[PDB]
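In the C-alpha cells that follow, a single protein chain appears in two forms: structure 1, then structure 2.
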Structure 1
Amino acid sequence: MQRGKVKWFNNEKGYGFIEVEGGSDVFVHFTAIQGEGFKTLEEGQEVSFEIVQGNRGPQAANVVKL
C-alpha cells in the first residue's frame, strides 16, 4: 500500500498518473478507481424511467440509459 496525490488525469483517454513522494509516478487506468462514479446524462441520451411526484413537481425515478 502506498499514499500519493493525483498528478494529472485525462477523462478522454481514461488514465493518468499518481505522484508519490520520493518515488516514480504511478500510472492509473480508470478501471482501478474505487468508489461510486459520477452520475450524469448526455444531451440526446435515450432513457427509460418511472414518473413519481415530489413536493416540487414530477420527476424521474429509475433512469436507465438505453
Structure 2
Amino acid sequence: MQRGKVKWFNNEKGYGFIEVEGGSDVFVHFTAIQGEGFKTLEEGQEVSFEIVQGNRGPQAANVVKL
C-alpha cells in the first residue's frame, strides 16, 4: 500500500493514472475507487492504493481518496 496523486482522470471514460513520486504511473479504473458516491477522481487528488497485476499489466486496487 502506498500514496500517490491523480495525474489525470477522464471522467467520461472512467479511467486515468496515478502518479507516484519516484515511480511509474499506475493505471486506475473507476471500479477500484473506494467509498460512496459517484466513482471519479480529479487531477491532483491524493490517494492511497495497492498495485495488482491483471491481464493488461499493473493497475491500481483499493483506491481511497485522502
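Please note that residue numbering is based on structure 1, beginning with 1 at the start of its sequence. Residues that one form lacks are left out of the comparison. So that the term is clear: the rigid core is the largest set of C-alpha atoms that superpose within 1.5 Å between two forms.
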Report summary line: Degrees of rotation of the smaller rigid part against the larger one between structures 1 and 2 total 179
Report summary line: Rigid core fixed, the Cα of residue 38 shifts between structures 1 and 2, in Å, by 3.3
Report summary line: Superposed on rigid core, residue 19 CA travels between structures 1 and 2 a distance in Å of 0.3
Report summary line: With the core held fixed, contiguous blocks of 3 or more residues moving 2 Å or more at C-alpha between structures 1 and 2 run 38-66
